[PDB]
Amino acid sequence: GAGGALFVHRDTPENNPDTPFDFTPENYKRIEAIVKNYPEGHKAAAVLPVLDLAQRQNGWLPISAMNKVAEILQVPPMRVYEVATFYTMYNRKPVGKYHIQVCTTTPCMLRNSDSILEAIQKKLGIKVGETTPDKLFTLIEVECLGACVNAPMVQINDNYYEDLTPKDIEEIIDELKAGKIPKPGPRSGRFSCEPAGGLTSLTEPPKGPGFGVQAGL
Amino acid sequence: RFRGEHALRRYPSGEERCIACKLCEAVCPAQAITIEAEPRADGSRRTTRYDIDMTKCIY
Amino acid sequence: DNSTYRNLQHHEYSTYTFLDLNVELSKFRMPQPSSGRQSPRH
Amino acid sequence: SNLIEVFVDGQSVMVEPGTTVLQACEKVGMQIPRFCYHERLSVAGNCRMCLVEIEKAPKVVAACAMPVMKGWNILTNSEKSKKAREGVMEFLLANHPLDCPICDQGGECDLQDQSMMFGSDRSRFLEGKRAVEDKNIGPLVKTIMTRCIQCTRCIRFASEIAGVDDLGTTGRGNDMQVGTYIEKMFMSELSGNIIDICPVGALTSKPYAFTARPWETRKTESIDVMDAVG
Amino acid sequence: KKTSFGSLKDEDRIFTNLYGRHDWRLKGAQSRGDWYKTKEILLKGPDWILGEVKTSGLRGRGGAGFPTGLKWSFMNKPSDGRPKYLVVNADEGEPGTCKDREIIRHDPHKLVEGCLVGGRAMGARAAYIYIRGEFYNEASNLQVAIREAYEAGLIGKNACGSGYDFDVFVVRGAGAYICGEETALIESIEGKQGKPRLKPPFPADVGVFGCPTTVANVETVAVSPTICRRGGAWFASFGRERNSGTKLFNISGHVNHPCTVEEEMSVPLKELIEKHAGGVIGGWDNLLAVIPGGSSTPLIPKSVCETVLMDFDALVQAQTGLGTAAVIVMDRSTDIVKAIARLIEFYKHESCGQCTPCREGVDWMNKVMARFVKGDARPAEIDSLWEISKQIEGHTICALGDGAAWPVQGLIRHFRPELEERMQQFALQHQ
Amino acid sequence: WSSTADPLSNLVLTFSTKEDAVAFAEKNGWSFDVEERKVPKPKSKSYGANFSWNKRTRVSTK
Ligand SMILES: Cc1cc2nc3c(=O)[nH]c(=O)nc-3n(C[C@H](O)[C@H](O)[C@H](O)COP(=O)(O)O)c2cc1C
Ligand code: SF4
Ligand code: SF4
Ligand code: SF4
Ligand code: SF4
Ligand code: FES
Ligand code: FES
Ligand SMILES: [Mg+2]
């Protein structure tokens, strides 16, 4: 389906070049280390990490953040604009403090991932891409998330909640509303995408060092 | 299909259909059409001059 | 043995853990090579 | 010398090492179709219009970017390369707007001429086309990005020839757009040349808008006197 | 000599900490045999390591399937003046694939050791790990493993009592499937938008930062040190000729127990599903289709998957290819057209769009499949769609266009009657 | 409309080579001006120059 996110920027009182944004000194130390990673003369290779750091400091990316990163890295602002508009994890609009991302690709869709999305719809009373009025939750439907084998799954602020059922996602949402943090990982008494009752591999104690080193070594 | 005197038509809204593409001027075997265009007050692509010499036209 | 899960620790990661660890590692690493100039635009 | 011998349609030509397929075809006397390649700009390899077949090679190569090596036979008129051109033009024209009568680049469009020569004559596209919002980069260049074919030629000219880095691509995939991402005017003493390099009517001359058609005009070769460059 | 594959003993596997039931830190890695006699391997030279890899018969696990020994030998050219880098592909974008994430979160020290050994064989100065941006907790786990290695002196200052200096860096992406492609990955590391670049030049000559580079999958570099430690012939014992080794498999979709498991290479698909996955939901007769190697590989029906092997060559014989060994199964109670349309929509969302064929044609194919799902088209269009795929396939810059063309081709080739029946039903009901 | 008075306003003649055109002009008794053919000089194009380690041909985007 059509994305719906605009790739042009119009000045807003909330999002304008005069909007105050700056890095805290700790973020300056982190930026210094990030630039120290890359070879001399190629500081632009730090556009993606530093920009991410800006988001992690602000929660989203105004035009001021893009301009500040470009100024810090001595790169044209348009390059930062292309980087921000290309990669999907960069939020160019404000989002709720809990960003819900549901995977609806074929491996997840096969194991009834639409039911979990509909359960989120009913619990939150907001549509697929909207935001709750209290600015607590933002629902977005995403592509594969690398947890296909343990589907269905959701991502909420760098955390994976997997093997979900409508009841499980209801519990996660209400627990997040209450205030405490839920435990990430698969539900239903499963750890680390192991077979539910098979255990067909990795049953014997692992062998110690140098079990099968060849001769001459 | 009968073809006699020429006419310039317009849309049901009343705004002329000609967009100054100048294809009629280019196809005219007798070179009987003269066209000049420019952007209008609203920026529309319209003709400021559209003459047909009916003594040169071969219909 | 294999019954017990030994990866309960990722439950306690902050939003700056990756960058904090990068900062910590920054002083275990060798100097970067140079192209001789500050940027291709220099 | 160190020249290598290659063949174009079975005709031998001696070319320097590092020469591309397109340049060897130029030397023999053929012009490979192109949309994103400009001899004055860096190679991009985007439009994929210059795909040509090498003999005994199962895959077509991009002539504008592929250096030629000793012993190749370039088959420019093979059925494979012709089908490649037809498919590429079909993809180019799938989302292009029906704006030819109102386009300032009617009789001097590379898209039109290369569709007439190297493309098919009908469409099998039964979907709805896309439409993008026009930008505003100043009073000199009129911008209609719905006609843009994303050859990224203006971007390269601005970045390299003009030394001005405000043009770029924002977005991913089919809804990728070319522009500044902000309300900014592309101002430079060489800003008008993006009108010339653009093969389509996406960038046109605003003072020239709607004034004339290429076939009407008479061309007189003369000299500039606005400065001492001549 | 061996004709039957698919019984891999527990003690003979590589990733013994696949399920995370043991400690994933340096102590656990030492207990499981990691970082053992690494100094001797480093001192034995790059030529010996490349010879062991070549005699091992290892092939790339990213999906291309190219023999890794040849790539690393191409990287083994003498010095030029520029530094040399090794890049490990941890993007893990292709749907149905979950193995790289597991081996990086629950057993990272094998990855770190493989990075060091590969860099030694490759003459690489440093290693860059491009991990998926969404993978945050396991990126942090890999960073902790790297810190533990640095404190122990396993990488960095001489990395051993070997005298060879090597650094390992971790780079996080930001939501882009195309960034898994080697050239697009290099572009993203270089701070630009992730658009694949043409070849030539190949990365072994002009790569990251313009320096010689080779991109490798996590599984390849992870298994390289164990291959060197146990010998090439031991790895070459498993699987068939030109298909040697053990492979990580993800089984997903309509199975009783979806899981990841390490198994001998040329294991039959049916016994792989019936043994580790718990069998298709509702029994084997309920099976309708299977995608053996992730979204890029074309699907195959029950008739051919009854007696098919699971490796590169035998799957190419089935007109599919192994790909990334990501098995996605579908029983007879699902809309296969809907699933393939979802895959094409994913490919439409995840194409960078720099070259005209992939961009325009993939959007066109997405629209045509969306129209097929409800049966709104006519049968004369099906062949047209086939033609469109052949225009995308082989004419794009990178292999994303190929990976978007293949699923449509497989769906058409194996279930044209389903599409025709759906079209007839729509025409009848709408009149 | 645009009126003219000379007959040779729209007259353009085509010739295979420069010498043929000059011979025609001299035979018909017309004073002529000839300027030599301009050919675009060959250029060294290389895609790999875009991704330069230390030179300035390193492109900012693509
Ligand atoms: C669109 C696309 C996405 C890819 N994503 C990955 C990936 O996530 N991980 C991976 O190892 N290879 C991926 N590849 C294949 C890479 O080309 C491959 O990793 C690279 O050639 C090195 O793989 P190797 O270790 O098998 O040699 C992708 C290829 C394409 C075309
Ligand atoms: S210029 Fe002629 S052909 Fe073009 S729209 Fe006007 S009348 Fe029609
Ligand atoms: S750019 Fe060319 S093809 Fe497109 S509308 Fe204008 S004249 Fe027609
Ligand atoms: S505006 Fe013109 S020159 Fe620029 S990318 Fe689009 S088609 Fe190419
Ligand atoms: S095939 Fe698609 S993803 Fe690959 S370079 Fe072309 S447009 Fe980009
Ligand atoms: S299909 Fe859902 S994580 Fe990939
Ligand atoms: S002219 Fe070669 S790909 Fe565009
Ligand atoms: Mg133009």
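Protein chains in written order, with the authors' numbering: chain O, 33 to 249; chain B, 96 to 154; chain K, 69 to 110; chain M, 29 to 258; chain A, 28 to 458; chain L, 114 to 175. From the three backbone atoms N, C-alpha and C, an ideal C-beta is built for every residue, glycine too.
Can you list, in chain order, the residues of its chain with a C-beta nearer than 6 Å to that of residue i? Leave out the 5 residues immediately preceding and following it.
i: A:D194; result: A153
i: A:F32; result: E291, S293, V294
i: O:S145; result: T136, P184
i: A:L326; result: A316, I318, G437
i: A:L70; result: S189
Mind checking whether residue i and residue j have CB atoms under 8 Å apart?
i: A:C125; j: O:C180; result: yes
i: O:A228; j: O:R219; result: no
i: O:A77; j: A:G218; result: yes
i: M:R175; j: M:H66; result: no
i: M:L31; j: M:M42; result: yes
i: A:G150; j: A:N103; result: yes
i: M:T171; j: O:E114; result: no
i: M:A91; j: M:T47; result: no
i: O:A247; j: O:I201; result: no
i: A:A431; j: A:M392; result: yes
i: O:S96; j: A:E289; result: no
i: A:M357; j: A:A366; result: yes
i: A:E79; j: A:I254; result: yes
i: O:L168; j: O:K129; result: yes
i: A:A243; j: A:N116; result: yes
i: A:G258; j: K:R74; result: no
Is there a Cβ from chain K that is less than 8 Å from the Cβ of residue i?
i: A:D50; result: yes
i: residue 22 of chain A; result: Summary: the structure shown does not reach residue 22 of chain A, with chain A confined to residues 28 through 458, and so no result is reported for it.
i: L:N163; result: no
If residue i and residue j are in contact, beta carbons under 8 Å, what's the gap, nearest whole angstrom?
i: M:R113; j: M:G156; result: Contact flag wrong, Cβ pair sits at about 26 Å.
i: O:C135; j: O:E175; result: 7 Å
i: A:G348; j: A:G320; result: 6 Å
i: A:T241; j: A:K98; result: 6 Å
i: O:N182; j: A:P285; result: 7 Å
i: A:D127; j: A:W51; result: Not confirmed; about 15 Å, so no contact.
i: A:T247; j: M:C75; result: A:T247 to M:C75, Cβ: 35 Å. No contact.
i: B:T143; j: B:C113; result: So it is not a contact: roughly 11 Å between Cβ atoms.
i: K:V91; j: O:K61; result: 6 Å
i: B:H101; j: B:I130; result: Actually they are not in contact, since the Cβ atoms of B:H101 and B:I130 sit about 13 Å apart, beyond 8 Å.
Closest Cβ-Cβ distance between residue i and chain M: below 8 Å?
i: L:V172; result: yes
i: B:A132; result: yes
i: L:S144; result: no
i: O:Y113; result: yes
i: L:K158; result: yes
i: B:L118; result: yes
Report all residues from its chain with a CB closer than 8 Å to the CB of residue i; omit the five preceding and five following residues, and keep chain order.
i: M:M173; result: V160, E161, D162, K163, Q205, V206, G207, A230
i: M:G196; result: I183, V206, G207, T208, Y209
i: O:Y70; result: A77, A78
So, for residue i: in the same chain, excluding its five sequence neighbours on each side, which residues have a beta-carbon less than 7 Å away from its beta-carbon?
i: B:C152; result: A125, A127
i: M:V228; result: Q133, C137, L139, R175, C176, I177
i: O:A116; result: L83, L93, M98, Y122, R124
Of all the CB atoms in chain L, is at least one closer than 8 Å to the CB of residue i?
i: M:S109; result: no
i: K:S103; result: yes
i: A:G160; result: no
For chain O, find out if any of its Cβ atoms is closer than 8 Å to the Cβ of residue i; answer yes or no.
i: residue 21 of chain A; result: The structure shown does not extend to residue 21 of chain A, since chain A is modelled only from 28 through 458, so no value can be given for it.
Counting only beta-carbon separations shorter than 8 Å, does residue i have a partner in chain B?
i: M:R246; result: no
Sequence ranges, alpha helix (DSSP H) only - wholly within the region 359–441 of chain A, length at least 4: 363–376, 389–400, 407–419
Segments assigned alpha helix (DSSP H), at least 4 residues, entirely inside the region 36–96 of chain M: 49–56
Whole runs of the beta strand (DSSP E) within the region 137–197 of chain M, excluding any shorter than 3 residues: 169–171
Beta strand (DSSP E) segments (min. 3 residues) lying fully within the region 148–175 of chain A: 153–158
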